[PDB]
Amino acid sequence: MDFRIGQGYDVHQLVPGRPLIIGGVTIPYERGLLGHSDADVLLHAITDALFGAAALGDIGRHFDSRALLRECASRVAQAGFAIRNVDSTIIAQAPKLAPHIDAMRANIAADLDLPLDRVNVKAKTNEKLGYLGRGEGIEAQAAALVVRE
């Protein structure tokens, strides 16, 4: 009965000499995301959306990115919540992400102890507009539903 929603946002810069790691999947690319972790922009957005839904603050109040997402899952359960579903969008002009998506999903499902059909990941270009459109960064948006058991 006690449903809650959460929403998450992250962005990271694309820089030289860094691997591109999105949703736990390493992707061949001439740049990668800049950050104090592996800078996995998708997993940060989902992490914030889960903390948001459980009213536990945000990632920076709490903290590689899969370990952090697993810890997030732990704290959400610690607070009395179970995760019903996650959905997300990755905004990246390049590279193409569609062939890596089911893998990201599998990664996320494992990390949150959820079946595949409750996790979703989607991708969009930014039509060459703004910093996203010139490939200067990548954005992720997330939504999460939990229930307080």
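Note that residue numbering follows the sequence shown and begins at 1.
Count the deposited residues lacking coordinates between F63 and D64 and you get 10 or more of them. Between the stretches 18-26 and 135-143, it is 18-26 that shows the larger average CA temperature factor.
Looking at mean Cα B-factors across 109-117 and 50-58, the upper value is held by 109-117.
Highest C-alpha temperature factor among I91, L43, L97, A82 per the entry: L97. Annotation for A39, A67, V86, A123: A39 ranks highest, by Cα B-factor.
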